[PDB]
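Scroll down for the structure; my scribbles are underneath it.
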Amino acid sequence: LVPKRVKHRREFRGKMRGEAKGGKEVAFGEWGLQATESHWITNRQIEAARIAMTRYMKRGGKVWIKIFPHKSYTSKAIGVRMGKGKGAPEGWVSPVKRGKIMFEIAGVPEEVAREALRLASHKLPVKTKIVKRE
Amino acid sequence: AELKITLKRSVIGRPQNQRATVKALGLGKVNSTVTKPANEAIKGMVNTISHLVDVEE
Amino acid sequence: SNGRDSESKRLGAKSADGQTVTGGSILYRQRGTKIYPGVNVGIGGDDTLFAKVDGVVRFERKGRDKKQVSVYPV
Amino acid sequence: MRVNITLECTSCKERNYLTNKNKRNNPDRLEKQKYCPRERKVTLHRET
RNA sequence: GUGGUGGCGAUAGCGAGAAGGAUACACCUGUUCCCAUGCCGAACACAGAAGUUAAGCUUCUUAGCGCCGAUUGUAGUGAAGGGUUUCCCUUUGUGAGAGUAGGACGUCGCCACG
RNA sequence: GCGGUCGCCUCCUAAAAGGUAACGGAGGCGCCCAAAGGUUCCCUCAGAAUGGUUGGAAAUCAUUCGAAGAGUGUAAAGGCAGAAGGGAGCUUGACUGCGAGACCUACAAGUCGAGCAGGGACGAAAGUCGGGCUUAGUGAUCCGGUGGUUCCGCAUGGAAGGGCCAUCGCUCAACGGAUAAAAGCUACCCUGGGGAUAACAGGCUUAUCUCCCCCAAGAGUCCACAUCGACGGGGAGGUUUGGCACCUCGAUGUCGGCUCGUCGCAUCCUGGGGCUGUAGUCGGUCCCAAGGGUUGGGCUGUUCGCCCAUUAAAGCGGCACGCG
RNA sequence: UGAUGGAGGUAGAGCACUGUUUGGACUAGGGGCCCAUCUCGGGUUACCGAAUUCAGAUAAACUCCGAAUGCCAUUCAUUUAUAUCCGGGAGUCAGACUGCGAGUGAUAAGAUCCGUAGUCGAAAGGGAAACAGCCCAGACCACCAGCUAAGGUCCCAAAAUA
Ligand SMILES: [K+]
Ligand SMILES: [K+]
Ligand SMILES: [K+]
Ligand SMILES: [K+]
Ligand SMILES: [K+]
Ligand SMILES: [K+]
Ligand SMILES: [K+]
Ligand SMILES: [K+]
Ligand SMILES: [K+]
Ligand SMILES: [K+]
Ligand SMILES: [K+]
Ligand SMILES: [K+]
Ligand SMILES: [K+]
Ligand SMILES: [K+]
Ligand SMILES: [K+]
Ligand SMILES: [K+]
Ligand SMILES: [K+]
Ligand SMILES: [K+]
Ligand SMILES: [K+]
Ligand SMILES: [K+]
Ligand SMILES: [K+]
Ligand SMILES: [K+]
Ligand SMILES: [Mg+2]
Ligand SMILES: [Mg+2]
Ligand SMILES: [Mg+2]
Ligand SMILES: [Mg+2]
Ligand SMILES: [Mg+2]
Ligand SMILES: [Mg+2]
Ligand SMILES: [Mg+2]
Ligand SMILES: [Mg+2]
Ligand SMILES: [Mg+2]
Ligand SMILES: [Mg+2]
Ligand SMILES: [Mg+2]
Ligand SMILES: [Mg+2]
Ligand SMILES: [Mg+2]
Ligand SMILES: [Mg+2]
Ligand SMILES: [Mg+2]
Ligand SMILES: [Mg+2]
Ligand SMILES: [Mg+2]
Ligand SMILES: [Mg+2]
Ligand SMILES: [Mg+2]
Ligand SMILES: [Mg+2]
Ligand SMILES: [Mg+2]
Ligand SMILES: [Mg+2]
Ligand SMILES: [Mg+2]
Ligand SMILES: [Mg+2]
Ligand SMILES: [Mg+2]
Ligand SMILES: [Mg+2]
Ligand SMILES: [Mg+2]
Ligand SMILES: [Mg+2]
Ligand SMILES: [Zn+2]
């Protein structure tokens, strides 16, 4: 996952404080994975979690990725001193704040869903918990 | 009516506005006491430095 | 390459509401008409709002979503 | 090509005004009715 | 009642529907006249009063949209403190946005004809 | 050092006044316009649908829908549909002498300005006009050129030459401009300073690096976990490649070797043990264990590495990459 | 310090604009298959699918909104005692750390660069074992007097084996 276009190549790291503004409830799926901490999440982590969840589900049911890695983070190569401008964009992240429902799943029985979400959570860096649609 | 304000906490390390408020009330050394009218302005000053003083009637 | 920036133009209000000012005092510096010239107030060549006469400054709203400066002599 | 120029008063030959014109757009000498402070009245000023 | 003309944040609006022209206002009849169209008397200008409320306009119904919007709670936050201190928590004061109860199909003047 | 930058304008950083840095993130300027200025009058956009010769997605035309989603010379922000956008007529206020008072400000400068007078443009009048929707489009002084001038004129009259006013000559762009005029080598070097500032070692940090793990898609005939384990996740260590510049520049000697060792254990051998895809002999993996031992040469300054020949084994690291 | 009035778009939040973005509905349209080819019209992939719409996110350089604070001001109020202006004499232009808000960095550094408050600098004393910058607190002096702050009370070691 990578945005097709960006208004600005380089972006602030930002700060993550408090609960997520929105997306704290399950919208489409029957079950969801809620972040209990705040952390950056990379497109790689999102993709790894998504693949794990789908593989276990056996292409049964539907999977929604609520988060998207809009933000870009840069880096400086080894052996490069401080200064001389910002680094080149290295990767893409989604700042996820606690309470966000990162993934949703439907069309699968409850026990399969719980195991699938468990695998996805182990791939992600944040501590998580399973949430049922209300 | 009246307020007896006594400075129970040192002003060292405090914001300039709080130091100025204590001075405006007219308190000097620690445990220095003063008597003032219970006006809205005076009670406002006391509230500004409420953590540094004790107020009696 | 970045690293350029123009000098700040010290825009904004130069007189407070309810303040007495002399004729010709600058009330508000701006780009475009963020606030409009009201009574006894002129707008300079570069959108600066100034008092045409002595009086007290008053910022009001011009209708629903626009502002206005007036100078009222006493 | 835009160039600075001087408008001289025809009546008194006084170089009262400075301005600029685009030569290509205005090949001919510019002429304006401008106030001549020396004569204190409007006169024809021609570029020189 | 209508026509001019203003004040007030659209609570004056928009949408939909209904009624009226007695006067008034309009459409409306014309281009000889002043005047006019980068062509057109469509418009602007002028002259004039056969017809019509059809439209505009006026009055009225409507909460569909737009607009206004209390209280409660919450986010943030000044001040004073704490913790396991990229953050989080407590006391105190302040307190949104959102979402709602609701409000509202205007009101305050002056003139002229009735 | 190389590269980049140097003045000016706009935005974000900037923490709801103003201001506010970084070799922070984005862009622009060194002009253009005789109308793209002034004024009087007049007008309202972009797109979409429907219909329509050439004509096509899209040329021009018509109706409706359309509040700005257009335009505003030129970057961006702010602003403008009572227009600052668009069109027409007339014009030259893109005026002269100023200017109460303000903003900005170390100075020099910079910005705004009602209003007074002179003489005008437009308009019936009100009234507007000292350029352009606003904010860049610029350069001190010295020196010199051109024009004007009721100023001065070394005994006097002239003159020569100055003054004053107006204006021209700057990529003085290192843009408050050293001079009218200027590039290099030094390991033959020297002096005054600095740990304000680099190279060695120390310190902080741990991205990287080494090691240890979590999840388990898989490989393993079957069988995730004997063994290996993708996509991902989390740590420890302070031996690597690095970052910072805190001690040392009135001196902390730098590789390798030799002599002497000592310590850590993430154990190379030996000892104990579990699991095994352990028949036995061999092993693999993991657990405990630092008592002792852990090589002699060829090549290269070498460390490292390759090779020869051995050994139970030929461990990995720290100690100023121990030890001048 | 209070009361009152203001200017401003941050925190937060929001999607009304602009970017980024998820899923669903529908679909212009585009894809190859065959019939028909003058390539003319289909009928197709739950083929790819703009626009619209529904639902859901996201933003330093987005805003329909919008604080707390701070700021400007008042012939205002209470308390306080400084503010200007003129002149003589300076020194300073290496700052450090801590807390809070940002950037750079890797949301590393006792890193770097700003904003804001404090301390050190130029501050002795008590606490943090020792420990400029943290916590409490500002030494004119004498005392073999007393009350407290931070921090403490079993022994070193003053005070609860409360
Ligand atoms: K996790
Ligand atoms: K007519
Ligand atoms: K009608
Ligand atoms: K209404
Ligand atoms: K014109
Ligand atoms: K220079
Ligand atoms: K040499
Ligand atoms: K060393
Ligand atoms: K580490
Ligand atoms: K471990
Ligand atoms: K098995
Ligand atoms: K040295
Ligand atoms: K074994
Ligand atoms: K051993
Ligand atoms: K050798
Ligand atoms: K050798
Ligand atoms: K050793
Ligand atoms: K030696
Ligand atoms: K939006
Ligand atoms: K913002
Ligand atoms: K002085
Ligand atoms: K600080
Ligand atoms: Mg600026
Ligand atoms: Mg101008
Ligand atoms: Mg509300
Ligand atoms: Mg500001
Ligand atoms: Mg501020
Ligand atoms: Mg224009
Ligand atoms: Mg003579
Ligand atoms: Mg002589
Ligand atoms: Mg310079
Ligand atoms: Mg030689
Ligand atoms: Mg020397
Ligand atoms: Mg020295
Ligand atoms: Mg140093
Ligand atoms: Mg040392
Ligand atoms: Mg430093
Ligand atoms: Mg010495
Ligand atoms: Mg061990
Ligand atoms: Mg030999
Ligand atoms: Mg050594
Ligand atoms: Mg030695
Ligand atoms: Mg925010
Ligand atoms: Mg530092
Ligand atoms: Mg010093
Ligand atoms: Mg001390
Ligand atoms: Mg000392
Ligand atoms: Mg006691
Ligand atoms: Mg004791
Ligand atoms: Mg006890
Ligand atoms: Zn003349």
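Chain labels follow the order of the structure tokens: the first chain is A, the next B, and so on; residue numbering restarts at 1 in every chain, and ligands are counted from 1 in their shown order.
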Using only C-alpha atoms (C1' of nucleotides), which residues sit within 8 Å of residue 30 in chain D once same-chain residues fewer than 4 positions away are excluded, as a ChimeraX atom specification? /D:7,26,46-47
Write to file, as an mmCIF file, in the first residue's frame, the residues of the selection just made, with N, CA, C and O atoms.
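Once everything was written out, this is part.cif:
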data_model
loop_
_atom_site.group_PDB
_atom_site.id
_atom_site.type_symbol
_atom_site.label_atom_id
_atom_site.label_comp_id
_atom_site.auth_asym_id
_atom_site.auth_seq_id
_atom_site.Cartn_x
_atom_site.Cartn_y
_atom_site.Cartn_z
ATOM 1 N N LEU D 7 9.974 62.832 -20.115
ATOM 2 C CA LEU D 7 8.990 63.642 -20.819
ATOM 3 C C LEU D 7 9.363 65.107 -20.634
ATOM 4 O O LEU D 7 9.301 65.633 -19.520
ATOM 5 N N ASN D 26 5.364 51.019 -28.440
ATOM 6 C CA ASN D 26 5.221 52.453 -28.689
ATOM 7 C C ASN D 26 6.487 52.962 -29.360
ATOM 8 O O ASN D 26 7.309 53.642 -28.735
ATOM 9 N N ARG D 46 6.601 65.797 -24.496
ATOM 10 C CA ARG D 46 7.027 64.791 -25.454
ATOM 11 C C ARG D 46 8.320 64.150 -24.983
ATOM 12 O O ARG D 46 9.204 64.826 -24.449
ATOM 13 N N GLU D 47 8.423 62.842 -25.185
ATOM 14 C CA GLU D 47 9.653 62.135 -24.873
ATOM 15 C C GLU D 47 10.802 62.699 -25.693
ATOM 16 O O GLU D 47 10.618 63.183 -26.811
#
Using only C-alpha atoms (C1' of nucleotides), determine which residues lie at most 12 Å from residue 152 in chain G, disregarding the query and same-chain residues fewer than 6 positions distant; provide the list as a ChimeraX atom specification. /G:126-127,158-160
Using only C-alpha atoms (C1' of nucleotides) and all ligand atoms, what are the residues with an atom within 12 Å of ligand 19, set out as a PyMOL selection string? chain G and resi 14-21+57-59+62-64
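Between residue 109 in chain F and the residues F:183, F:163, F:176, F:148, the shortest atom-to-atom distance, using only C-alpha atoms (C1' of nucleotides), involves F:176.
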Cut-off 10 Å, only C-alpha atoms (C1' of nucleotides) and all ligand atoms, neighbours of ligand 2 as a PyMOL selection string: chain E and resi 27-31+41-43
If we count only C-alpha atoms (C1' of nucleotides), which residues of chain D reach to within 9 Å of chain F? Please list them as JSON, numbers by chain. {"D": [2, 6, 13, 14, 15, 16, 17, 18, 19, 21, 22, 25, 26, 30, 32, 33, 34, 35, 36, 37, 40, 41, 42]}
For the residues in the current selection, export N, CA, C and O atoms as a JSON list (two decimals), in the first residue's frame.
[["chain", "number", "residue", "atom", "x", "y", "z"],
["D", 2, "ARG", "N", 11.45, 47.37, -22.75],
["D", 2, "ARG", "CA", 10.91, 48.43, -21.92],
["D", 2, "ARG", "C", 12.06, 49.25, -21.35],
["D", 2, "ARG", "O", 13.01, 48.69, -20.80],
["D", 6, "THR", "N", 12.26, 60.21, -20.45],
["D", 6, "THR", "CA", 11.98, 61.50, -19.86],
["D", 6, "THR", "C", 10.98, 62.24, -20.73],
["D", 6, "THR", "O", 11.14, 62.27, -21.96],
["D", 13, "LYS", "N", 10.80, 73.49, -22.56],
["D", 13, "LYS", "CA", 11.95, 72.60, -22.70],
["D", 13, "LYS", "C", 12.45, 72.12, -21.34],
["D", 13, "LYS", "O", 13.66, 71.97, -21.13],
["D", 14, "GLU", "N", 11.53, 71.88, -20.42],
["D", 14, "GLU", "CA", 11.87, 71.43, -19.08],
["D", 14, "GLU", "C", 11.59, 69.94, -18.97],
["D", 14, "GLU", "O", 10.52, 69.47, -19.39],
["D", 15, "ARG", "N", 12.55, 69.19, -18.43],
["D", 15, "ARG", "CA", 12.44, 67.73, -18.33],
["D", 15, "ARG", "C", 11.72, 67.39, -17.03],
["D", 15, "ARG", "O", 12.32, 66.97, -16.04],
["D", 16, "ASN", "N", 10.40, 67.57, -17.04],
["D", 16, "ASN", "CA", 9.65, 67.53, -15.79],
["D", 16, "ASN", "C", 9.46, 66.11, -15.27],
["D", 16, "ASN", "O", 9.55, 65.88, -14.06],
["D", 17, "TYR", "N", 9.20, 65.15, -16.16],
["D", 17, "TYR", "CA", 8.72, 63.84, -15.75],
["D", 17, "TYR", "C", 9.65, 62.73, -16.22],
["D", 17, "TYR", "O", 10.25, 62.80, -17.29],
["D", 18, "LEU", "N", 9.74, 61.69, -15.39],
["D", 18, "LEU", "CA", 10.40, 60.44, -15.73],
["D", 18, "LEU", "C", 9.35, 59.35, -15.80],
["D", 18, "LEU", "O", 8.46, 59.26, -14.95],
["D", 19, "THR", "N", 9.44, 58.51, -16.83],
["D", 19, "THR", "CA", 8.54, 57.37, -16.94],
["D", 19, "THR", "C", 9.26, 56.27, -17.70],
["D", 19, "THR", "O", 10.48, 56.31, -17.88],
["D", 21, "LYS", "N", 8.49, 53.20, -21.09],
["D", 21, "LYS", "CA", 7.64, 52.74, -22.17],
["D", 21, "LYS", "C", 8.29, 51.54, -22.82],
["D", 21, "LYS", "O", 9.51, 51.35, -22.74],
["D", 22, "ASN", "N", 7.48, 50.72, -23.48],
["D", 22, "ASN", "CA", 7.98, 49.62, -24.29],
["D", 22, "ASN", "C", 8.22, 50.14, -25.70],
["D", 22, "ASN", "O", 7.28, 50.57, -26.38],
["D", 25, "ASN", "N", 6.11, 48.37, -28.41],
["D", 25, "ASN", "CA", 4.68, 48.68, -28.39],
["D", 25, "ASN", "C", 4.42, 50.13, -28.73],
["D", 25, "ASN", "O", 3.35, 50.46, -29.26],
["D", 26, "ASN", "N", 5.36, 51.02, -28.44],
["D", 26, "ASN", "CA", 5.22, 52.45, -28.69],
["D", 26, "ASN", "C", 6.49, 52.96, -29.36],
["D", 26, "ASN", "O", 7.31, 53.64, -28.74],
["D", 30, "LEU", "N", 6.59, 59.19, -26.95],
["D", 30, "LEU", "CA", 5.37, 59.33, -26.17],
["D", 30, "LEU", "C", 5.05, 60.80, -25.95],
["D", 30, "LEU", "O", 5.94, 61.62, -25.73],
["D", 32, "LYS", "N", 2.17, 63.29, -23.78],
["D", 32, "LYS", "CA", 1.14, 63.33, -22.75],
["D", 32, "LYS", "C", 0.86, 64.78, -22.37],
["D", 32, "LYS", "O", 1.72, 65.65, -22.51],
["D", 33, "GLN", "N", -0.36, 65.01, -21.90],
["D", 33, "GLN", "CA", -0.74, 66.30, -21.33],
["D", 33, "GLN", "C", -0.48, 66.25, -19.84],
["D", 33, "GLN", "O", -1.23, 65.63, -19.08],
["D", 34, "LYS", "N", 0.60, 66.90, -19.40],
["D", 34, "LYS", "CA", 1.03, 66.84, -18.02],
["D", 34, "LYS", "C", 1.23, 68.26, -17.50],
["D", 34, "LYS", "O", 1.52, 69.19, -18.26],
["D", 35, "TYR", "N", 1.07, 68.41, -16.19],
["D", 35, "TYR", "CA", 1.21, 69.71, -15.55],
["D", 35, "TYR", "C", 2.68, 70.10, -15.47],
["D", 35, "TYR", "O", 3.52, 69.32, -15.01],
["D", 36, "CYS", "N", 2.99, 71.32, -15.93],
["D", 36, "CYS", "CA", 4.37, 71.80, -15.89],
["D", 36, "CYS", "C", 4.54, 72.71, -14.68],
["D", 36, "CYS", "O", 4.02, 73.83, -14.69],
["D", 37, "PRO", "N", 5.26, 72.29, -13.64],
["D", 37, "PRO", "CA", 5.35, 73.14, -12.45],
["D", 37, "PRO", "C", 5.94, 74.51, -12.73],
["D", 37, "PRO", "O", 5.52, 75.49, -12.12],
["D", 40, "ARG", "N", 3.19, 76.13, -14.34],
["D", 40, "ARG", "CA", 2.02, 75.98, -13.49],
["D", 40, "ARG", "C", 0.75, 75.80, -14.30],
["D", 40, "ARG", "O", -0.31, 76.34, -13.97],
["D", 41, "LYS", "N", 0.83, 75.02, -15.38],
["D", 41, "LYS", "CA", -0.35, 74.70, -16.16],
["D", 41, "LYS", "C", -0.07, 73.45, -16.98],
["D", 41, "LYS", "O", 1.09, 73.06, -17.16],
["D", 42, "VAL", "N", -1.14, 72.83, -17.47],
["D", 42, "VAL", "CA", -1.01, 71.63, -18.28],
["D", 42, "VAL", "C", -0.43, 71.99, -19.63],
["D", 42, "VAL", "O", -0.89, 72.93, -20.29]]
For chain A, which residues have at least one atom within 9 Å of chain E, if we go by only C-alpha atoms (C1' of nucleotides)? Write them as an mmCIF file with C-alpha atoms, in the first residue's frame, please.
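What follows is the written file result.cif:
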data_model
loop_
_atom_site.group_PDB
_atom_site.id
_atom_site.type_symbol
_atom_site.label_atom_id
_atom_site.label_comp_id
_atom_site.auth_asym_id
_atom_site.auth_seq_id
_atom_site.Cartn_x
_atom_site.Cartn_y
_atom_site.Cartn_z
ATOM 1 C CA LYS A 15 2.779 13.492 17.430
ATOM 2 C CA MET A 16 0.251 10.875 18.540
ATOM 3 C CA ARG A 17 -1.698 11.755 21.680
ATOM 4 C CA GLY A 18 -5.102 10.684 22.928
#
Could you pull out the strand (DSSP E) residues of chain D from DSSP and send them as a PyMOL selection string? chain D and resi 2-9+15-22+31-36+41-47
Show me a table, sorted first by chain and then by increasing residue number, of the residues of chain B having an atom at most 10 Å from chain E, each with its shortest atom pair and the distance in Å to one decimal, counting only C-alpha atoms (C1' of nucleotides) and written as a tab-separated table.
residue	atom	partner	partner_atom	distance
B:47	CA	E:79	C1'	9.2
B:48	CA	E:79	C1'	7.6
B:49	CA	E:79	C1'	9.0
B:50	CA	E:80	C1'	8.7
B:51	CA	E:80	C1'	6.7
B:52	CA	E:80	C1'	10.0
Provide as JSON, numbers by chain the residues of chain C at most 9 Å from chain G, counting only C-alpha atoms (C1' of nucleotides). {"C": [12, 13, 14, 15, 16, 17, 18, 19, 20, 58, 59]}
Could you write out that same residue set with C-alpha atoms as a compact mmCIF listing (two decimals), in the first residue's frame?
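The resulting again35.txt:
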# COMPACT_ATOMS: atom_id res chain seq x y z
CA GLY C 12 -2.31 42.55 12.17
CA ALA C 13 -4.02 45.02 14.45
CA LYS C 14 -2.17 48.11 15.65
CA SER C 15 -4.98 49.59 17.77
CA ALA C 16 -7.23 47.92 20.32
CA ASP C 17 -11.00 48.12 20.41
CA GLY C 18 -12.07 50.94 22.68
CA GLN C 19 -8.72 52.72 22.36
CA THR C 20 -8.65 56.43 21.59
CA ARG C 58 -14.47 49.77 17.39
CA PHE C 59 -14.31 46.41 15.62
Neighbourhood of ligand 1 at 9 Å, counting only C-alpha atoms (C1' of nucleotides) and all ligand atoms, reported as a PDB file with N, CA and C atoms (P, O5', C5', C4', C3', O3' and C1' of nucleotides), in the first residue's frame:
ATOM      1  N   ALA A  35      -6.620  -1.336  18.210  1.00  0.00           N
ATOM      2  CA  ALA A  35      -5.328  -1.036  18.804  1.00  0.00           C
ATOM      3  C   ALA A  35      -5.530  -0.495  20.211  1.00  0.00           C
ATOM      4  N   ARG A 118      -5.922 -13.054  15.621  1.00  0.00           N
ATOM      5  CA  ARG A 118      -4.765 -13.305  16.470  1.00  0.00           C
ATOM      6  C   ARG A 118      -3.483 -13.340  15.652  1.00  0.00           C
ATOM      7  N   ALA A 120      -2.929 -11.923  12.715  1.00  0.00           N
ATOM      8  CA  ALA A 120      -2.660 -10.572  12.238  1.00  0.00           C
ATOM      9  C   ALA A 120      -2.062  -9.702  13.334  1.00  0.00           C
ATOM     10  N   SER A 121      -2.600  -9.800  14.549  1.00  0.00           N
ATOM     11  CA  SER A 121      -2.104  -8.984  15.653  1.00  0.00           C
ATOM     12  C   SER A 121      -0.644  -9.278  15.958  1.00  0.00           C
ATOM     13  N   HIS A 122      -0.262 -10.551  15.954  1.00  0.00           N
ATOM     14  CA  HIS A 122       1.129 -10.895  16.205  1.00  0.00           C
ATOM     15  C   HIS A 122       2.061 -10.272  15.179  1.00  0.00           C
ATOM     16  N   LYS A 123       1.580 -10.043  13.958  1.00  0.00           N
ATOM     17  CA  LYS A 123       2.420  -9.396  12.958  1.00  0.00           C
ATOM     18  C   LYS A 123       2.574  -7.904  13.230  1.00  0.00           C
ATOM     19  N   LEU A 124       1.565  -7.272  13.816  1.00  0.00           N
ATOM     20  CA  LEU A 124       1.580  -5.836  14.042  1.00  0.00           C
ATOM     21  C   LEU A 124       2.385  -5.489  15.288  1.00  0.00           C
ATOM     22  N   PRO A 125       2.843  -4.238  15.401  1.00  0.00           N
ATOM     23  CA  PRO A 125       3.644  -3.859  16.569  1.00  0.00           C
ATOM     24  C   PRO A 125       2.827  -3.458  17.781  1.00  0.00           C
ATOM     25  N   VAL A 126       1.595  -3.012  17.602  1.00  0.00           N
ATOM     26  CA  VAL A 126       0.783  -2.545  18.718  1.00  0.00           C
ATOM     27  C   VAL A 126       0.126  -3.726  19.417  1.00  0.00           C
ATOM     28  N   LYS A 127      -0.114  -3.573  20.715  1.00  0.00           N
ATOM     29  CA  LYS A 127      -1.001  -4.485  21.422  1.00  0.00           C
ATOM     30  C   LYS A 127      -2.430  -4.254  20.961  1.00  0.00           C
ATOM     31  N   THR A 128      -3.203  -5.333  20.867  1.00  0.00           N
ATOM     32  CA  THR A 128      -4.515  -5.267  20.245  1.00  0.00           C
ATOM     33  C   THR A 128      -5.518  -6.053  21.071  1.00  0.00           C
TER      34      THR A 128
ATOM     35  P     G F 233       8.314  -5.444  11.209  1.00  0.00           P
ATOM     36  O5'   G F 233       7.916  -5.836  12.697  1.00  0.00           O
ATOM     37  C5'   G F 233       6.598  -5.616  13.172  1.00  0.00           C
ATOM     38  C4'   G F 233       6.351  -6.338  14.470  1.00  0.00           C
ATOM     39  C3'   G F 233       7.373  -6.113  15.569  1.00  0.00           C
ATOM     40  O3'   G F 233       7.176  -4.899  16.264  1.00  0.00           O
ATOM     41  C1'   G F 233       7.049  -8.400  15.335  1.00  0.00           C
TER      42        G F 233
END
